[PDB]
There are 2 protein chains.
Amino acid sequence: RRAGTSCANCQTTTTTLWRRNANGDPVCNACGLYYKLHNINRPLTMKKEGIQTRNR
Amino acid sequence: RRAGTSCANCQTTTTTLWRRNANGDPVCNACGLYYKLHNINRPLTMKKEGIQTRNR
DNA sequence: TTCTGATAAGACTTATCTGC
DNA sequence: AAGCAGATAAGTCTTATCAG
Ligand SMILES: [Zn+2]
Ligand SMILES: [Zn+2]
């Protein structure tokens with residue numbers, strides 16, 4: 001998280017790690033990634049509510 | 001396939017098996033399913049091009 | 001502490017397989 | 001044969017984690 005920063009795309013404000021869009025504008029991990037792979041914004045419709053944990 | 005039938009949601013016209021929306025209107029397998037689980041239309045943005053095969 | 005990449009967990013989509 | 005509704009999985013894709 002962080003105070004004063006919102007996802008420039010999914011607009012969420014709680015994302016493990018923040019990244020930057022190809023415009024220097026803050027984006028939540030999901031988004032940041034999704035764009036790097038689809039070179040198109042992140043269809044906000046798959047905007048999930050909470051965040052999942054994971055395992056190694 | 002089938003002549004004269006288009007996906008009432010994803011508009012595709014090639015879907016393994018056709019289903020019906022809760023309005024009796026033809027829908028391609030993906031859609032038909034996605035709605036039964038999300039009780040909301042199928043975000044067309046995840047409209048895939050071709051169709052994948054699978055294995056058992 | 002910040003942020004970009006690479007890796008890979010396993011959540012979701014949706015093709016199949018059945019039973020009407 | 002045909003058309004459709006439900007269940008059950010199958011990898012595909014999304015995306016939390018791990019490094020640099
Ligand atoms: Zn976002
Ligand atoms: Zn459809």
# chains A, B, ... in the order shown; residues from 1 in each chain; ligands from 1
call {"tool": "interface_residues", "arguments": {"of": "chain B", "to": "chain A", "cutoff": "12 Å", "atoms": "only C-alpha atoms", "output": "JSON list (two decimals) with N, CA, C and O atoms, in the first residue's frame"}}
result
[["chain", "number", "residue", "atom", "x", "y", "z"],
["B", 38, "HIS", "N", -21.24, -16.60, -13.12],
["B", 38, "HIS", "CA", -21.13, -15.22, -12.65],
["B", 38, "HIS", "C", -22.46, -14.48, -12.66],
["B", 38, "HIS", "O", -22.54, -13.32, -12.30],
["B", 40, "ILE", "N", -23.76, -12.92, -14.55],
["B", 40, "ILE", "CA", -23.55, -11.66, -15.28],
["B", 40, "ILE", "C", -23.00, -12.03, -16.67],
["B", 40, "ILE", "O", -22.32, -13.03, -16.80],
["B", 41, "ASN", "N", -23.29, -11.23, -17.68],
["B", 41, "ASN", "CA", -22.81, -11.53, -19.03],
["B", 41, "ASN", "C", -21.34, -11.85, -19.03],
["B", 41, "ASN", "O", -20.66, -11.68, -18.03],
["B", 42, "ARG", "N", -20.84, -12.30, -20.17],
["B", 42, "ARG", "CA", -19.44, -12.66, -20.28],
["B", 42, "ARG", "C", -18.62, -11.51, -20.79],
["B", 42, "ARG", "O", -18.70, -11.20, -21.95],
["B", 43, "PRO", "N", -17.81, -10.88, -19.93],
["B", 43, "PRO", "CA", -16.99, -9.75, -20.40],
["B", 43, "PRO", "C", -16.38, -10.13, -21.74],
["B", 43, "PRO", "O", -15.44, -10.90, -21.80],
["B", 44, "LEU", "N", -16.93, -9.59, -22.82],
["B", 44, "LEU", "CA", -16.46, -9.94, -24.15],
["B", 44, "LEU", "C", -14.98, -9.68, -24.39],
["B", 44, "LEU", "O", -14.39, -10.24, -25.31],
["B", 45, "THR", "N", -14.40, -8.82, -23.57],
["B", 45, "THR", "CA", -12.99, -8.50, -23.72],
["B", 45, "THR", "C", -12.08, -9.71, -23.65],
["B", 45, "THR", "O", -10.97, -9.69, -24.19],
["B", 46, "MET", "N", -12.53, -10.77, -22.98],
["B", 46, "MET", "CA", -11.71, -11.98, -22.88],
["B", 46, "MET", "C", -12.13, -12.89, -24.01],
["B", 46, "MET", "O", -11.97, -14.11, -23.94],
["B", 47, "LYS", "N", -12.68, -12.28, -25.05],
["B", 47, "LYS", "CA", -13.13, -13.02, -26.22],
["B", 47, "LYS", "C", -11.91, -13.56, -26.92],
["B", 47, "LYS", "O", -11.15, -12.81, -27.51]]
call {"tool": "residues_near_ligand", "arguments": {"ligand": "ligand 2", "cutoff": "12 Å", "atoms": "only C-alpha atoms (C1' of nucleotides) and all ligand atoms", "output": "PDB file with N, CA and C atoms (P, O5', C5', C4', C3', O3' and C1' of nucleotides), in the first residue's frame"}}
result
ATOM      1  N   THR B   5     -27.035 -18.629 -36.723  1.00  0.00           N
ATOM      2  CA  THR B   5     -26.878 -18.475 -35.274  1.00  0.00           C
ATOM      3  C   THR B   5     -25.547 -17.824 -34.895  1.00  0.00           C
ATOM      4  N   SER B   6     -25.638 -16.780 -34.075  1.00  0.00           N
ATOM      5  CA  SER B   6     -24.480 -16.021 -33.617  1.00  0.00           C
ATOM      6  C   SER B   6     -24.528 -15.944 -32.086  1.00  0.00           C
ATOM      7  N   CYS B   7     -23.373 -15.892 -31.428  1.00  0.00           N
ATOM      8  CA  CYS B   7     -23.378 -15.815 -29.964  1.00  0.00           C
ATOM      9  C   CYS B   7     -24.018 -14.522 -29.476  1.00  0.00           C
ATOM     10  N   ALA B   8     -25.157 -14.655 -28.813  1.00  0.00           N
ATOM     11  CA  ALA B   8     -25.858 -13.487 -28.305  1.00  0.00           C
ATOM     12  C   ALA B   8     -25.024 -12.656 -27.338  1.00  0.00           C
ATOM     13  N   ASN B   9     -23.782 -13.066 -27.088  1.00  0.00           N
ATOM     14  CA  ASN B   9     -22.916 -12.273 -26.216  1.00  0.00           C
ATOM     15  C   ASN B   9     -21.511 -12.073 -26.719  1.00  0.00           C
ATOM     16  N   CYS B  10     -20.810 -13.145 -27.076  1.00  0.00           N
ATOM     17  CA  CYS B  10     -19.452 -12.963 -27.551  1.00  0.00           C
ATOM     18  C   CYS B  10     -19.499 -12.798 -29.062  1.00  0.00           C
ATOM     19  N   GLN B  11     -20.704 -12.884 -29.656  1.00  0.00           N
ATOM     20  CA  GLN B  11     -20.853 -12.827 -31.122  1.00  0.00           C
ATOM     21  C   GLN B  11     -20.066 -13.881 -31.887  1.00  0.00           C
ATOM     22  N   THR B  12     -19.281 -14.720 -31.256  1.00  0.00           N
ATOM     23  CA  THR B  12     -18.536 -15.661 -32.069  1.00  0.00           C
ATOM     24  C   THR B  12     -19.566 -16.537 -32.767  1.00  0.00           C
ATOM     25  N   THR B  13     -19.104 -17.320 -33.734  1.00  0.00           N
ATOM     26  CA  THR B  13     -19.979 -18.209 -34.481  1.00  0.00           C
ATOM     27  C   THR B  13     -19.233 -19.505 -34.787  1.00  0.00           C
ATOM     28  N   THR B  14     -18.682 -20.073 -33.726  1.00  0.00           N
ATOM     29  CA  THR B  14     -17.935 -21.315 -33.778  1.00  0.00           C
ATOM     30  C   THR B  14     -17.673 -21.689 -32.330  1.00  0.00           C
ATOM     31  N   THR B  15     -18.523 -22.541 -31.771  1.00  0.00           N
ATOM     32  CA  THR B  15     -18.374 -22.933 -30.380  1.00  0.00           C
ATOM     33  C   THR B  15     -18.781 -24.362 -30.108  1.00  0.00           C
ATOM     34  N   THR B  16     -17.795 -25.233 -29.905  1.00  0.00           N
ATOM     35  CA  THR B  16     -18.035 -26.645 -29.620  1.00  0.00           C
ATOM     36  C   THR B  16     -19.507 -26.975 -29.471  1.00  0.00           C
ATOM     37  N   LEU B  17     -20.101 -26.490 -28.384  1.00  0.00           N
ATOM     38  CA  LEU B  17     -21.506 -26.734 -28.070  1.00  0.00           C
ATOM     39  C   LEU B  17     -22.301 -25.458 -27.746  1.00  0.00           C
ATOM     40  N   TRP B  18     -23.441 -25.227 -28.399  1.00  0.00           N
ATOM     41  CA  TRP B  18     -24.229 -24.024 -28.101  1.00  0.00           C
ATOM     42  C   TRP B  18     -25.159 -24.229 -26.908  1.00  0.00           C
ATOM     43  N   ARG B  19     -25.333 -23.172 -26.120  1.00  0.00           N
ATOM     44  CA  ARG B  19     -26.217 -23.157 -24.958  1.00  0.00           C
ATOM     45  C   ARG B  19     -27.197 -21.996 -25.147  1.00  0.00           C
ATOM     46  N   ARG B  20     -28.084 -21.778 -24.180  1.00  0.00           N
ATOM     47  CA  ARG B  20     -29.070 -20.705 -24.289  1.00  0.00           C
ATOM     48  C   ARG B  20     -29.033 -19.791 -23.089  1.00  0.00           C
ATOM     49  N   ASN B  21     -29.100 -18.488 -23.328  1.00  0.00           N
ATOM     50  CA  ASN B  21     -29.110 -17.536 -22.226  1.00  0.00           C
ATOM     51  C   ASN B  21     -30.474 -17.639 -21.554  1.00  0.00           C
ATOM     52  N   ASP B  25     -31.986 -17.308 -25.957  1.00  0.00           N
ATOM     53  CA  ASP B  25     -31.168 -16.822 -27.050  1.00  0.00           C
ATOM     54  C   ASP B  25     -29.796 -17.479 -27.095  1.00  0.00           C
ATOM     55  N   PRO B  26     -29.491 -18.181 -28.199  1.00  0.00           N
ATOM     56  CA  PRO B  26     -28.238 -18.894 -28.467  1.00  0.00           C
ATOM     57  C   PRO B  26     -26.987 -18.193 -27.963  1.00  0.00           C
ATOM     58  N   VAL B  27     -26.077 -18.984 -27.396  1.00  0.00           N
ATOM     59  CA  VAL B  27     -24.820 -18.497 -26.843  1.00  0.00           C
ATOM     60  C   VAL B  27     -23.776 -19.592 -26.947  1.00  0.00           C
ATOM     61  N   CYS B  28     -22.559 -19.196 -27.289  1.00  0.00           N
ATOM     62  CA  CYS B  28     -21.467 -20.125 -27.450  1.00  0.00           C
ATOM     63  C   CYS B  28     -21.051 -20.588 -26.078  1.00  0.00           C
ATOM     64  N   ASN B  29     -20.785 -21.890 -25.994  1.00  0.00           N
ATOM     65  CA  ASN B  29     -20.359 -22.593 -24.791  1.00  0.00           C
ATOM     66  C   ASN B  29     -19.681 -21.740 -23.750  1.00  0.00           C
ATOM     67  N   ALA B  30     -18.625 -21.037 -24.120  1.00  0.00           N
ATOM     68  CA  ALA B  30     -17.956 -20.202 -23.136  1.00  0.00           C
ATOM     69  C   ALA B  30     -18.981 -19.357 -22.418  1.00  0.00           C
ATOM     70  N   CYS B  31     -19.578 -18.438 -23.162  1.00  0.00           N
ATOM     71  CA  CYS B  31     -20.580 -17.542 -22.628  1.00  0.00           C
ATOM     72  C   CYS B  31     -21.603 -18.236 -21.775  1.00  0.00           C
ATOM     73  N   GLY B  32     -22.366 -19.119 -22.400  1.00  0.00           N
ATOM     74  CA  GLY B  32     -23.389 -19.848 -21.682  1.00  0.00           C
ATOM     75  C   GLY B  32     -22.952 -20.262 -20.290  1.00  0.00           C
ATOM     76  N   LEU B  33     -21.707 -20.725 -20.186  1.00  0.00           N
ATOM     77  CA  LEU B  33     -21.131 -21.178 -18.919  1.00  0.00           C
ATOM     78  C   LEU B  33     -20.819 -20.050 -17.984  1.00  0.00           C
ATOM     79  N   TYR B  34     -20.020 -19.122 -18.499  1.00  0.00           N
ATOM     80  CA  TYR B  34     -19.589 -17.959 -17.751  1.00  0.00           C
ATOM     81  C   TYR B  34     -20.784 -17.270 -17.113  1.00  0.00           C
ATOM     82  N   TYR B  35     -21.904 -17.210 -17.818  1.00  0.00           N
ATOM     83  CA  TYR B  35     -23.025 -16.568 -17.194  1.00  0.00           C
ATOM     84  C   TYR B  35     -23.577 -17.429 -16.078  1.00  0.00           C
ATOM     85  N   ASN B  41     -23.289 -11.225 -17.682  1.00  0.00           N
ATOM     86  CA  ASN B  41     -22.808 -11.525 -19.029  1.00  0.00           C
ATOM     87  C   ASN B  41     -21.336 -11.852 -19.032  1.00  0.00           C
ATOM     88  N   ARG B  42     -20.838 -12.298 -20.173  1.00  0.00           N
ATOM     89  CA  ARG B  42     -19.442 -12.659 -20.284  1.00  0.00           C
ATOM     90  C   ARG B  42     -18.622 -11.514 -20.786  1.00  0.00           C
ATOM     91  N   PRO B  43     -17.812 -10.877 -19.931  1.00  0.00           N
ATOM     92  CA  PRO B  43     -16.987  -9.754 -20.403  1.00  0.00           C
ATOM     93  C   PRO B  43     -16.383 -10.133 -21.744  1.00  0.00           C
ATOM     94  N   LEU B  44     -16.929  -9.587 -22.820  1.00  0.00           N
ATOM     95  CA  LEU B  44     -16.463  -9.938 -24.154  1.00  0.00           C
ATOM     96  C   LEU B  44     -14.984  -9.682 -24.390  1.00  0.00           C
ATOM     97  N   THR B  45     -14.400  -8.819 -23.572  1.00  0.00           N
ATOM     98  CA  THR B  45     -12.994  -8.496 -23.720  1.00  0.00           C
ATOM     99  C   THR B  45     -12.077  -9.713 -23.646  1.00  0.00           C
ATOM    100  N   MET B  46     -12.525 -10.773 -22.979  1.00  0.00           N
ATOM    101  CA  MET B  46     -11.709 -11.976 -22.884  1.00  0.00           C
ATOM    102  C   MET B  46     -12.130 -12.893 -24.010  1.00  0.00           C
ATOM    103  N   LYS B  47     -12.679 -12.284 -25.052  1.00  0.00           N
ATOM    104  CA  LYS B  47     -13.128 -13.020 -26.218  1.00  0.00           C
ATOM    105  C   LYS B  47     -11.910 -13.562 -26.922  1.00  0.00           C
ATOM    106  N   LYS B  48     -11.721 -14.869 -26.855  1.00  0.00           N
ATOM    107  CA  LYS B  48     -10.577 -15.479 -27.501  1.00  0.00           C
ATOM    108  C   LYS B  48     -10.827 -15.654 -28.988  1.00  0.00           C
ATOM    109  N   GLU B  49      -9.750 -15.751 -29.765  1.00  0.00           N
ATOM    110  CA  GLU B  49      -9.869 -15.915 -31.206  1.00  0.00           C
ATOM    111  C   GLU B  49     -10.279 -17.322 -31.590  1.00  0.00           C
TER     112      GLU B  49
ATOM    113  P    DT C  14     -13.431 -18.595 -21.192  1.00  0.00           P
ATOM    114  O5'  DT C  14     -13.505 -20.176 -21.075  1.00  0.00           O
ATOM    115  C5'  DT C  14     -12.345 -20.914 -21.458  1.00  0.00           C
ATOM    116  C4'  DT C  14     -12.686 -22.327 -21.857  1.00  0.00           C
ATOM    117  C3'  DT C  14     -13.955 -22.426 -22.684  1.00  0.00           C
ATOM    118  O3'  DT C  14     -13.841 -23.639 -23.400  1.00  0.00           O
ATOM    119  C1'  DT C  14     -14.303 -23.418 -20.626  1.00  0.00           C
TER     120       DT C  14
END
call {"tool": "residues_around", "arguments": {"residues": "residue 7 in chain D", "least_positions_apart": "4", "cutoff": "12 Å", "atoms": "only C-alpha atoms (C1' of nucleotides)", "output": "list in words"}}
result
residues 33 of chain B; 16, 17, 18 and 19 of chain C
call {"tool": "write_last_selection", "arguments": {"atoms": "N, CA and C atoms (P, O5', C5', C4', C3', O3' and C1' of nucleotides)", "output": "short mmCIF file (atom, residue, chain, number, x, y, z; two decimals), in the first residue's frame"}}
result
data_model
loop_
_atom_site.label_atom_id
_atom_site.label_comp_id
_atom_site.auth_asym_id
_atom_site.auth_seq_id
_atom_site.Cartn_x
_atom_site.Cartn_y
_atom_site.Cartn_z
N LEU B 33 -21.71 -20.73 -20.19
CA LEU B 33 -21.13 -21.18 -18.92
C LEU B 33 -20.82 -20.05 -17.98
P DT C 16 -12.19 -29.97 -26.79
"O5'" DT C 16 -13.04 -31.19 -26.22
"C5'" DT C 16 -13.81 -31.01 -25.06
"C4'" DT C 16 -13.71 -32.23 -24.17
"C3'" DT C 16 -14.53 -33.41 -24.64
"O3'" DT C 16 -13.91 -34.64 -24.24
"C1'" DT C 16 -15.50 -32.48 -22.67
P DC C 17 -14.60 -36.06 -24.57
"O5'" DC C 17 -15.56 -36.27 -23.32
"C5'" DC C 17 -15.08 -36.04 -22.01
"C4'" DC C 17 -16.02 -36.64 -20.99
"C3'" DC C 17 -16.86 -37.77 -21.59
"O3'" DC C 17 -17.21 -38.70 -20.56
"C1'" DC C 17 -18.26 -35.95 -21.03
P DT C 18 -17.82 -40.14 -20.95
"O5'" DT C 18 -19.22 -40.16 -20.17
"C5'" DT C 18 -20.23 -39.17 -20.44
"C4'" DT C 18 -21.14 -38.96 -19.25
"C3'" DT C 18 -22.48 -39.69 -19.32
"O3'" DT C 18 -23.03 -39.88 -18.00
"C1'" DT C 18 -22.85 -37.35 -19.61
P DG C 19 -24.47 -40.59 -17.82
"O5'" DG C 19 -25.53 -39.40 -17.78
"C5'" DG C 19 -25.93 -38.83 -16.53
"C4'" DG C 19 -27.27 -38.14 -16.68
"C3'" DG C 19 -28.40 -39.08 -17.08
"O3'" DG C 19 -29.64 -38.51 -16.65
"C1'" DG C 19 -27.98 -37.62 -18.87
#
call {"tool": "closest_atom_pairs", "arguments": {"of": "chain D", "to": "range 1-13 of chain C", "cutoff": "9 Å", "atoms": "only C-alpha atoms (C1' of nucleotides)", "output": "CSV"}}
result
residue,atom,partner,partner_atom,distance
D:12,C1',C:13,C1',8.1
D:13,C1',C:12,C1',8.6
D:14,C1',C:11,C1',8.1
D:16,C1',C:9,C1',8.3
D:17,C1',C:7,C1',8.4
D:18,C1',C:7,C1',7.6
D:19,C1',C:6,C1',8.4
D:20,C1',C:5,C1',8.9
call {"tool": "write_last_selection", "arguments": {"atoms": "C-alpha atoms (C1' of nucleotides)", "output": "PDB file, in the first residue's frame"}}
result
ATOM      1  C1'  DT D  12      -4.508 -21.480 -20.017  1.00  0.00           C
ATOM      2  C1'  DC D  13      -3.728 -17.049 -17.891  1.00  0.00           C
ATOM      3  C1'  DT D  14      -3.412 -14.089 -13.987  1.00  0.00           C
ATOM      4  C1'  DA D  16       1.465 -13.078  -6.080  1.00  0.00           C
ATOM      5  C1'  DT D  17       6.517 -13.991  -5.155  1.00  0.00           C
ATOM      6  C1'  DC D  18      11.360 -14.142  -5.754  1.00  0.00           C
ATOM      7  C1'  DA D  19      15.731 -11.886  -7.393  1.00  0.00           C
ATOM      8  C1'  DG D  20      18.753  -7.853  -9.194  1.00  0.00           C
TER       9       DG D  20
END
call {"tool": "calpha_fit_rmsd", "arguments": {"fixed": "chain A", "moving": "chain B"}}
result
0.1 Å
call {"tool": "interface_residues", "arguments": {"of": "chain D", "to": "chain B", "cutoff": "8 Å", "atoms": "only C-alpha atoms (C1' of nucleotides)", "output": "list in words"}}
result
residues 4, 10 and 11 of chain D
call {"tool": "write_last_selection", "arguments": {"atoms": "N, CA and C atoms (P, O5', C5', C4', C3', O3' and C1' of nucleotides)", "output": "short mmCIF file (atom, residue, chain, number, x, y, z; two decimals), in the first residue's frame"}}
result
data_model
loop_
_atom_site.label_atom_id
_atom_site.label_comp_id
_atom_site.auth_asym_id
_atom_site.auth_seq_id
_atom_site.Cartn_x
_atom_site.Cartn_y
_atom_site.Cartn_z
P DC D 4 -29.84 -26.18 -28.85
"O5'" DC D 4 -29.97 -26.80 -27.39
"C5'" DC D 4 -31.25 -27.04 -26.83
"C4'" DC D 4 -31.17 -27.25 -25.33
"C3'" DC D 4 -30.18 -26.31 -24.66
"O3'" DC D 4 -30.64 -26.03 -23.34
"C1'" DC D 4 -29.42 -28.52 -24.39
P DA D 10 -8.19 -33.20 -16.36
"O5'" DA D 10 -8.49 -31.89 -17.21
"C5'" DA D 10 -8.79 -31.99 -18.61
"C4'" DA D 10 -8.08 -30.89 -19.37
"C3'" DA D 10 -6.57 -30.89 -19.23
"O3'" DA D 10 -6.04 -30.27 -20.41
"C1'" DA D 10 -7.49 -29.04 -18.03
P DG D 11 -4.95 -31.06 -21.29
"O5'" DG D 11 -3.59 -30.32 -20.92
"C5'" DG D 11 -3.61 -29.27 -19.94
"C4'" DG D 11 -4.04 -27.96 -20.58
"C3'" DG D 11 -2.94 -26.93 -20.72
"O3'" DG D 11 -3.24 -26.15 -21.88
"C1'" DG D 11 -4.48 -26.23 -19.05
#
call {"tool": "closest_residue", "arguments": {"among": "B:36, B:22, B:1, B:51", "to": "chain C", "atoms": "only C-alpha atoms (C1' of nucleotides)"}}
result
B:51
call {"tool": "select_by_dssp", "arguments": {"residues": "chain B", "states": "strand (DSSP E)", "output": "PyMOL selection string"}}
result
chain B and resi 18-20+26-28
call {"tool": "write_last_selection", "arguments": {"atoms": "N, CA and C atoms", "output": "PDB file, in the first residue's frame"}}
result
ATOM      1  N   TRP B  18     -23.441 -25.227 -28.399  1.00  0.00           N
ATOM      2  CA  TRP B  18     -24.229 -24.024 -28.101  1.00  0.00           C
ATOM      3  C   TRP B  18     -25.159 -24.229 -26.908  1.00  0.00           C
ATOM      4  N   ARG B  19     -25.333 -23.172 -26.120  1.00  0.00           N
ATOM      5  CA  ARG B  19     -26.217 -23.157 -24.958  1.00  0.00           C
ATOM      6  C   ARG B  19     -27.197 -21.996 -25.147  1.00  0.00           C
ATOM      7  N   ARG B  20     -28.084 -21.778 -24.180  1.00  0.00           N
ATOM      8  CA  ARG B  20     -29.070 -20.705 -24.289  1.00  0.00           C
ATOM      9  C   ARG B  20     -29.033 -19.791 -23.089  1.00  0.00           C
ATOM     10  N   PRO B  26     -29.491 -18.181 -28.199  1.00  0.00           N
ATOM     11  CA  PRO B  26     -28.238 -18.894 -28.467  1.00  0.00           C
ATOM     12  C   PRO B  26     -26.987 -18.193 -27.963  1.00  0.00           C
ATOM     13  N   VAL B  27     -26.077 -18.984 -27.396  1.00  0.00           N
ATOM     14  CA  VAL B  27     -24.820 -18.497 -26.843  1.00  0.00           C
ATOM     15  C   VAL B  27     -23.776 -19.592 -26.947  1.00  0.00           C
ATOM     16  N   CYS B  28     -22.559 -19.196 -27.289  1.00  0.00           N
ATOM     17  CA  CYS B  28     -21.467 -20.125 -27.450  1.00  0.00           C
ATOM     18  C   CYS B  28     -21.051 -20.588 -26.078  1.00  0.00           C
TER      19      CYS B  28
END
call {"tool": "select_by_dssp", "arguments": {"residues": "chain B", "states": "alpha helix (DSSP H)", "output": "PyMOL selection string"}}
result
chain B and resi 29-38
call {"tool": "write_last_selection", "arguments": {"atoms": "N, CA, C and O atoms", "output": "mmCIF file, in the first residue's frame"}}
result
data_model
loop_
_atom_site.group_PDB
_atom_site.id
_atom_site.type_symbol
_atom_site.label_atom_id
_atom_site.label_comp_id
_atom_site.auth_asym_id
_atom_site.auth_seq_id
_atom_site.Cartn_x
_atom_site.Cartn_y
_atom_site.Cartn_z
ATOM 1 N N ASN B 29 -20.785 -21.890 -25.994
ATOM 2 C CA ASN B 29 -20.359 -22.593 -24.791
ATOM 3 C C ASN B 29 -19.681 -21.740 -23.750
ATOM 4 O O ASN B 29 -20.097 -21.723 -22.610
ATOM 5 N N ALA B 30 -18.625 -21.037 -24.120
ATOM 6 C CA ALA B 30 -17.956 -20.202 -23.136
ATOM 7 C C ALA B 30 -18.981 -19.357 -22.418
ATOM 8 O O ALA B 30 -19.233 -19.532 -21.232
ATOM 9 N N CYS B 31 -19.578 -18.438 -23.162
ATOM 10 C CA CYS B 31 -20.580 -17.542 -22.628
ATOM 11 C C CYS B 31 -21.603 -18.236 -21.775
ATOM 12 O O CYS B 31 -21.712 -17.968 -20.588
ATOM 13 N N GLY B 32 -22.366 -19.119 -22.400
ATOM 14 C CA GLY B 32 -23.389 -19.848 -21.682
ATOM 15 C C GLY B 32 -22.952 -20.262 -20.290
ATOM 16 O O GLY B 32 -23.722 -20.152 -19.326
ATOM 17 N N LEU B 33 -21.707 -20.725 -20.186
ATOM 18 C CA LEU B 33 -21.131 -21.178 -18.919
ATOM 19 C C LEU B 33 -20.819 -20.050 -17.984
ATOM 20 O O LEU B 33 -21.253 -20.037 -16.830
ATOM 21 N N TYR B 34 -20.020 -19.122 -18.499
ATOM 22 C CA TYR B 34 -19.589 -17.959 -17.751
ATOM 23 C C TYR B 34 -20.784 -17.270 -17.113
ATOM 24 O O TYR B 34 -20.698 -16.793 -15.982
ATOM 25 N N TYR B 35 -21.904 -17.210 -17.818
ATOM 26 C CA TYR B 35 -23.025 -16.568 -17.194
ATOM 27 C C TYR B 35 -23.577 -17.429 -16.078
ATOM 28 O O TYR B 35 -23.950 -16.902 -15.036
ATOM 29 N N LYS B 36 -23.626 -18.745 -16.265
ATOM 30 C CA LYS B 36 -24.181 -19.595 -15.208
ATOM 31 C C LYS B 36 -23.391 -19.529 -13.920
ATOM 32 O O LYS B 36 -23.923 -19.801 -12.850
ATOM 33 N N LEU B 37 -22.124 -19.149 -14.014
ATOM 34 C CA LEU B 37 -21.304 -19.039 -12.819
ATOM 35 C C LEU B 37 -21.217 -17.610 -12.255
ATOM 36 O O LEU B 37 -21.136 -17.424 -11.041
ATOM 37 N N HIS B 38 -21.237 -16.600 -13.121
ATOM 38 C CA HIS B 38 -21.130 -15.221 -12.649
ATOM 39 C C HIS B 38 -22.457 -14.482 -12.664
ATOM 40 O O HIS B 38 -22.543 -13.322 -12.299
#
call {"tool": "decode", "arguments": {"residues": "range 2-14 of chain B", "atoms": "N, CA, C and O atoms", "output": "PDB file, in the first residue's frame"}}
result
ATOM      1  N   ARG B   2     -23.573 -23.828 -37.084  1.00  0.00           N
ATOM      2  CA  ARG B   2     -24.992 -23.866 -37.390  1.00  0.00           C
ATOM      3  C   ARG B   2     -25.243 -22.582 -38.162  1.00  0.00           C
ATOM      4  O   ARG B   2     -24.695 -21.537 -37.811  1.00  0.00           O
ATOM      5  N   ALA B   3     -26.062 -22.661 -39.207  1.00  0.00           N
ATOM      6  CA  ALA B   3     -26.352 -21.507 -40.060  1.00  0.00           C
ATOM      7  C   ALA B   3     -27.446 -20.562 -39.572  1.00  0.00           C
ATOM      8  O   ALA B   3     -28.603 -20.955 -39.407  1.00  0.00           O
ATOM      9  N   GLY B   4     -27.069 -19.306 -39.357  1.00  0.00           N
ATOM     10  CA  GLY B   4     -28.041 -18.329 -38.908  1.00  0.00           C
ATOM     11  C   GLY B   4     -28.019 -18.054 -37.416  1.00  0.00           C
ATOM     12  O   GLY B   4     -28.871 -17.321 -36.907  1.00  0.00           O
ATOM     13  N   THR B   5     -27.035 -18.629 -36.723  1.00  0.00           N
ATOM     14  CA  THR B   5     -26.878 -18.475 -35.274  1.00  0.00           C
ATOM     15  C   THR B   5     -25.547 -17.824 -34.895  1.00  0.00           C
ATOM     16  O   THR B   5     -24.474 -18.275 -35.315  1.00  0.00           O
ATOM     17  N   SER B   6     -25.638 -16.780 -34.075  1.00  0.00           N
ATOM     18  CA  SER B   6     -24.480 -16.021 -33.617  1.00  0.00           C
ATOM     19  C   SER B   6     -24.528 -15.944 -32.086  1.00  0.00           C
ATOM     20  O   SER B   6     -25.611 -15.931 -31.504  1.00  0.00           O
ATOM     21  N   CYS B   7     -23.373 -15.892 -31.428  1.00  0.00           N
ATOM     22  CA  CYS B   7     -23.378 -15.815 -29.964  1.00  0.00           C
ATOM     23  C   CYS B   7     -24.018 -14.522 -29.476  1.00  0.00           C
ATOM     24  O   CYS B   7     -23.483 -13.426 -29.682  1.00  0.00           O
ATOM     25  N   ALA B   8     -25.157 -14.655 -28.813  1.00  0.00           N
ATOM     26  CA  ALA B   8     -25.858 -13.487 -28.305  1.00  0.00           C
ATOM     27  C   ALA B   8     -25.024 -12.656 -27.338  1.00  0.00           C
ATOM     28  O   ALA B   8     -25.504 -11.660 -26.799  1.00  0.00           O
ATOM     29  N   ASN B   9     -23.782 -13.066 -27.088  1.00  0.00           N
ATOM     30  CA  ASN B   9     -22.916 -12.273 -26.216  1.00  0.00           C
ATOM     31  C   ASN B   9     -21.511 -12.073 -26.719  1.00  0.00           C
ATOM     32  O   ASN B   9     -21.052 -10.940 -26.748  1.00  0.00           O
ATOM     33  N   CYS B  10     -20.810 -13.145 -27.076  1.00  0.00           N
ATOM     34  CA  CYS B  10     -19.452 -12.963 -27.551  1.00  0.00           C
ATOM     35  C   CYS B  10     -19.499 -12.798 -29.062  1.00  0.00           C
ATOM     36  O   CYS B  10     -18.462 -12.531 -29.674  1.00  0.00           O
ATOM     37  N   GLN B  11     -20.704 -12.884 -29.656  1.00  0.00           N
ATOM     38  CA  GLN B  11     -20.853 -12.827 -31.122  1.00  0.00           C
ATOM     39  C   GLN B  11     -20.066 -13.881 -31.887  1.00  0.00           C
ATOM     40  O   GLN B  11     -20.158 -13.888 -33.159  1.00  0.00           O
ATOM     41  N   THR B  12     -19.281 -14.720 -31.256  1.00  0.00           N
ATOM     42  CA  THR B  12     -18.536 -15.661 -32.069  1.00  0.00           C
ATOM     43  C   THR B  12     -19.566 -16.537 -32.767  1.00  0.00           C
ATOM     44  O   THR B  12     -20.760 -16.479 -32.445  1.00  0.00           O
ATOM     45  N   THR B  13     -19.104 -17.320 -33.734  1.00  0.00           N
ATOM     46  CA  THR B  13     -19.979 -18.209 -34.481  1.00  0.00           C
ATOM     47  C   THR B  13     -19.233 -19.505 -34.787  1.00  0.00           C
ATOM     48  O   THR B  13     -19.152 -19.968 -35.922  1.00  0.00           O
ATOM     49  N   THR B  14     -18.682 -20.073 -33.726  1.00  0.00           N
ATOM     50  CA  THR B  14     -17.935 -21.315 -33.778  1.00  0.00           C
ATOM     51  C   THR B  14     -17.673 -21.689 -32.330  1.00  0.00           C
ATOM     52  O   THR B  14     -16.718 -21.209 -31.724  1.00  0.00           O
TER      53      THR B  14
END
